[PDB]
Amino acid sequence: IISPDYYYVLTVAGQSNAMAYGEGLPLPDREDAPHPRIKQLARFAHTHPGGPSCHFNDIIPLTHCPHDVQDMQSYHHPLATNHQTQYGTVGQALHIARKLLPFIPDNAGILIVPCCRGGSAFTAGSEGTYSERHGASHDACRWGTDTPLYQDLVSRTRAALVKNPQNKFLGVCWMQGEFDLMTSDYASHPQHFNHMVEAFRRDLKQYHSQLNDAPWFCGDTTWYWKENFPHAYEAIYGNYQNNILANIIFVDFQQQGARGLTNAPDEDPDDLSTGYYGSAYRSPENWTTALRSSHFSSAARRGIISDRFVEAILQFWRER
């Protein structure tokens, strides 16, 4: 109704589990309702399918299916009625933002900077290209210092801060590693990641006035990846817990050996009373990946995943 004076800025980056890979139905009247104070930097040519035009880096409403490098907004659930409101898959950025909002001043909003790409990695994936006017190409799948994905991450974060000198940076929510677990070169990931974080910090340092070594909140992955690639998981995700760099904060969601929380049909039950139909209704013609357990559910993203990030972000900012 009244636009904010300034924004608390949070960048969201990584691969599939950082973004909208929840296959259960969006709930735009409830847990997935957009809020006028919660925004994102645009990427696509429209805010959503059938919605208004937007330009790259425009401030637009943040929704359940954000403007990441990979566009998931047409991966509709079979039982979605209104494809203007219930489009696509579900990501946690909105729920992180909604859960943070009560803690910031009335005259501030939250501005998410979505920079995720499904199936991206440090050790595999096409470079793609970077366009000044439009950001990383659809085929940019390689993380690493100076790749298109890195440029998009740095360029969009800077753009968010430059928009308003009163904007304040809360840090990066990073969830990445899954594809690197599979490669014969998995052991190079810790140094590739560390080098990218140091490059990011060098490249953003001059905005010190707006940084309140900005924290990277690095999230865990699903039970599928942990159980199937334990040696690589220990190297890659262990590096998020025992990093040599300052302010690398590991965010996890479940106990050792636990299953649950994924798009596996048995793990994503319906709630008829709220109109939530889970991933069990999807089929190869409409699902993301044939491996169901490789991604967190819409329900997990609305719940424990966004809970745990928000707990970590509030704690970090309160302990200094």
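We use all heavy atoms of the structure for the numbers below, so side chains are in, but hydrogens, waters and symmetry mates are not. Residue indices begin at 1 and follow the sequence shown.
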Practice item. Would you list the pairs meeting salt bridge (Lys or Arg N to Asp or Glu O under 4.0 Å) in which at least one residue belongs to residues 218-233, sequence neighbours left out? Key: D220-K226, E227-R259
Side chains of [X] and [Y]: do they bring a donor and an acceptor to under 3.5 Å?
X	Y	answer
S120	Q15	no
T262	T222	no
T145	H195	no

Review point. Taking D5 as the fixed residue, which of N107, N164, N167 is the one that meets the side-chain hydrogen bond (donor to acceptor under 3.5 Å, both in side chains) rule?
Key: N107
Can you name the residues that form a side-chain contact (heavy atoms from CB on, under 4.5 Å) with [X], not counting sequence neighbours?
X	answer
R142	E127, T147
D71	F44, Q73
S131	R133, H134
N194	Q191, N239, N243, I244, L245

Check your understanding: Considering only heavy atoms from C-beta outward, does the side chain of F122 approach that of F179 to under 4.5 Å?
Key -> no
Could you tabulate the donor-acceptor pairs under 3.5 Å formed by side-chain atoms of residues 30-38, not counting sequence neighbours?
unit_1, atom_1, unit_2, atom_2, d
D32, OD1, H95, NE2, 2.6
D32, OD1, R302, NE, 2.8
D32, OD2, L27, N, 2.7
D32, OD2, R302, NE, 3.3
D32, OD2, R302, NH2, 2.8
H35, ND1, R37, N, 2.8
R37, NE, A108, O, 3.0
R37, NH2, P105, O, 3.1
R37, NH2, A108, O, 2.8

Results of side chain to side chain donor-acceptor pair (under 3.5 Å) for [X] - residues two or more places apart only:
X	result
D213	none
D270	none
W225	none
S155	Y130

Review point. For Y21, what are the other residues in its hydrophobic cluster, where any two members join if their side-chain heavy atoms are less than 4.5 angstrom apart?
Key: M19, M72, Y75
Check your understanding: Do the ring planes of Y281 and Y277 sit parallel (below 30°), tilted (30 to 60°) or perpendicular (above 60°)?
Key -> perpendicular
Compile the donor-acceptor pairs under 3.5 Å between side chains in residues 310-320 and protein atoms, sequence neighbours left out, one pair per line.
unit_1, atom_1, unit_2, atom_2, d
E311, OE1, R308, NH1, 3.0
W317, NE1, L170, O, 2.8
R320, NE, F316, O, 2.8

